[PDB]
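For reference, the structure is listed below as structure tokens.
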Amino acid sequence: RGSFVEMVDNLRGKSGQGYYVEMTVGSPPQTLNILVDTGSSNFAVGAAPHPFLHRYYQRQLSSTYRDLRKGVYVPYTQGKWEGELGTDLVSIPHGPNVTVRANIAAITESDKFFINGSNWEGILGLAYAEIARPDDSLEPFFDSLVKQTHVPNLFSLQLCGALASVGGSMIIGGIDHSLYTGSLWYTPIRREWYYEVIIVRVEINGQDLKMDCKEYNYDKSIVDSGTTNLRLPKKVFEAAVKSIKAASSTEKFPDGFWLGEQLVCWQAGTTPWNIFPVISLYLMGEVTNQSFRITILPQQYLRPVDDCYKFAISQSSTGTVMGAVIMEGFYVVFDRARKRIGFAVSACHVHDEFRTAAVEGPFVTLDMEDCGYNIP
Ligand SMILES: Cn1cc([C@H]2C[C@H]3CSC(N)=N[C@@]3(c3ccc(F)cc3F)CO2)cn1
Numbered sequence: 002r003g004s005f006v007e008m009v010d011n012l013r014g015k016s017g018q019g020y021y022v023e024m025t026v027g028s029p030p031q032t033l034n035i036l037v038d039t040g041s042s043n044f045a046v047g048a049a050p051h052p053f054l055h056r057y058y059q060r061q062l063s064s065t066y067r068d069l070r071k072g073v074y075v076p077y078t079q080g081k082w083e084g085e086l087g088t089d090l091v092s093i094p095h096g097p098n099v100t101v102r103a104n105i106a107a108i109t110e111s112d113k114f115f116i117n118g119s120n121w122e123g124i125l126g127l128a129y130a131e132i133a134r135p136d137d138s139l140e141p142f143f144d145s146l147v148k149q150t151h152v153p154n155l156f157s158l159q160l161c162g163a164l165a166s167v168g169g170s171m172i173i174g175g176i177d178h179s180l181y182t183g184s185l186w187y188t189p190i191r192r193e194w195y196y197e198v199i200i201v202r203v204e205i206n207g208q209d210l211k212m213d214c215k216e217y218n219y220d221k222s223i224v225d226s227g228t229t230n231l232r233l234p235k236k237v238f239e240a241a242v243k244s245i246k247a248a249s250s251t252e253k254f255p256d257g258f259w260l261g262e263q264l265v266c267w268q269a270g271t272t273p274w275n276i277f278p279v280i281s282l283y284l285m286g287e288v289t290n291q292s293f294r295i296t297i298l299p300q301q302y303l304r305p306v307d308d309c310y311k312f313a314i315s316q317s318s319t320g321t322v323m324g325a326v327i328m329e330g331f332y333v334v335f336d337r338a339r340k341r342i343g344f345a346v347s348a349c350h351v352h353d354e355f356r357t358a359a360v361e362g363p364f365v366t367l368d369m370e371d372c373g374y375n376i377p
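For the sequence shown, the working numbering begins at 2 and goes up steadily by one.
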């Protein structure tokens with residue numbers, strides 16, 4: 002359905018600084034680079050001359066700007082942004098040939114939000130209204146896009162990985178079959194807030210972690226393009242590291258490396274990928290008692306920083322976060338229309354002659370509903 006040439010390679014970025022898409026806001030159009038984030042729900046752009054910014058939204062130059070006369074305050078774990086709500090006309094030059102009236106938070110103050118040295122000036126929150134700030138009445142961009150146009154209620158992301166430049170594709174309103182190999186396998190979206198999914202089993206080199214599956218999703222598991230690492234609940238991180246250390250034991254590394262406090266280096270071109278295990282996440286499938294598994298390589302979880310690397314699996318207190326470490330192995334379809342997320346082997350994933358990332362199924366998995374966490 003099935004080919005979108007003009008949207009292929011519409012994402013850029015720098016290692017660890019996120020993936021961005023070009024957008025225009027206002028009349029006449031003001032071009033801005035916007036970080037693509039499936040982990041949030043606000044469209045928010047710099048609107049004042051912060052030193053780190055290449056450019057910013059100048060509301061005084063737009064005839065289509067409309068003030069909502071309402072502020073928005075967004076503290077989060079690692080920083081904060083605040084702004085003034087309004088609406089304006091928005092387009093995506095390397096996206097669908099449409100213009101929509103969307104909510105825009107004009108960022109007037111922030112802390113640890115913008116990245117010194119990055120090439121983006123705003124964020125595109127692609128998740129659902131439930132988690133939008135200040136509340137669910139502030140319609141997210143994608144919802145406005147689907148309401149105002151005939152663009153189908155789906156988008157897909159191919160994040161390619163390799164400060165080294167990164168690239169990828171955001172296919173808005175469809176799937177591009179050239180971006181993946183094999184078949185797409187779908188997992189249900191548990192609830193429409195974050196893109197919440199259920200992990201039913203975890204294996205390290207095919208060796209099951211043997212944990213109560215509720216631990217894998219404590220307190221949620223999400224698909225997040227705005228996070229670099231694969232983040233795991235503390236207990237799961239503890240078991241995964243123990244197992245990865247055991248499989249990779251032919252070479253010893255300091256405790257700091259596994260905690261991300263130190264790097265590891267090998268003479269350029271000699272990285273011993275073969276000693277590092279593959280990581281498999283089994284996800285809840287579309288049918289009762291049926292699952293599938295996605296498998297990533299050390300090429301996804303050992304990130305380049307003499308070839309030096311950071312261990313990009315880390316502990317979380319906010320549940321599993323399937324960030325770029327997962328997304329870079331796969332073509333990911335956010336099939337909002339059918340409340341499901343599809344995964345297929347990415348045609349751009351980094352691998353070697355011995356192993357490739359994989360999406361396999363079906364598998365028989367019982368009691369999968371018990372894997373989801375519920376607040377008592
Ligand atoms: C629900 N909600 C998310 C939020 C925040 C969480 C942060 C960190 S993780 C992420 N995926 N996006 C954010 C984020 C991502 C990349 C970045 F360079 C700066 C950021 F702030 C934006 O939404 C606020 N409320």
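A virtual CB, placed ideally from N, CA and C, is assigned to each residue, including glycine.
Between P153 and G126, the C-beta spacing is not below 9 angstroms. Positions of the alpha helix (DSSP H) runs, each at least 4 residues long and wholly inside the region 102-185, are given as 142-149 in order along the chain.
Taking a contact as a CB-CB distance under 8 angstroms, the pair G320 and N218 counts as one, their CB atoms being some 6 angstroms apart. Pairing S317 with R202 gives a Cβ-Cβ distance that is not under 9 angstroms. Cβ-Cβ distances below 7 angstroms link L233 to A241, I314, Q316, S317 and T321 in the same chain, with the five nearest sequence neighbours on each side left out; the list follows chain order.
Below 8 angstroms, too few C-beta pairs join the region 247-260 and the region 163-172 to call them touching: fewer than three. The region 107-125 makes contact with the region 75-89: 3 or more CB pairs, one atom from each, lie closer than 8 angstroms. Closest by C-alpha distance to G373, out of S222, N34 and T271, is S222. Bridge partners of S318 according to DSSP: none are assigned. The residue among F277, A106, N120 and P94 with its C-alpha nearest the C-alpha of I297 is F277.
Residue burial is scored here from C-beta neighbours: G72 has fewer than 16 other C-beta atoms within 10 angstroms and is therefore classed as exposed. In this structure, the straight-line span from the alpha carbon of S244 to that of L284 is close to 20 angstroms. Annotated as proximal: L180 and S347, with beta-carbon spacing under 9 angstroms.
When the five nearest sequence neighbours on each side are left out, the beta carbons in the same chain lying within less than 7 angstroms of the beta carbon of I205 are those of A241, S244, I245, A248, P278 and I280, in order along the chain. Taking all protein chains shown into account, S4 has fewer than 16 neighbouring C-beta atoms within 10 Å of its C-beta and is therefore exposed. Per DSSP, reduced to three states, the secondary structure at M212 is coil, with no helix or strand assignment.
Looking at the backbone, the Cα of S28 and that of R102 are separated by about 11 angstroms. The DSSP-derived three-state label of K236 is helix. When C-alpha distances from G40 are compared across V198, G96, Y74 and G118, the shortest belongs to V198. Excluding five sequence positions before and after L86, the CB atoms of its chain that fall closer than 6 angstroms to its own CB belong to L69, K71, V73 and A106, given in chain order.
Per DSSP, the continuous alpha helix (DSSP H) segment holding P299 begins and ends at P299 to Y302. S145 and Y129 have their C-alpha atoms spaced approximately 11 angstroms apart.
Residue range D256 to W259 is occupied by the alpha helix (DSSP H) that includes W259. Excluding its 5 nearest sequence neighbours in each direction, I132 has C-beta neighbours in its own chain below 6 angstroms: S42 and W194, listed in chain order. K15 and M24 have their C-alpha atoms roughly 18 angstroms apart. Excluding the 5 residues flanking it on each side, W267 has same chain C-beta neighbours closer than 8 angstroms at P273, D307 and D308, in chain order.
A direct Cα-to-Cα measurement between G47 and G118 gives close to 15 angstroms. Taken through DSSP and simplified to helix, strand or coil, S226 comes out as coil. Residue nearest to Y302 within the set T65, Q18, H352 and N290 is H352 (criterion: CA-CA distance). Taking every protein chain shown into account, the CB of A358 has 16 or more other CB atoms within 10 angstroms, so this residue is buried. Beta-bridge pairing by DSSP links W267 to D308. Its Cα nearest to that of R56, the residue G123 stands out among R67, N98 and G123.
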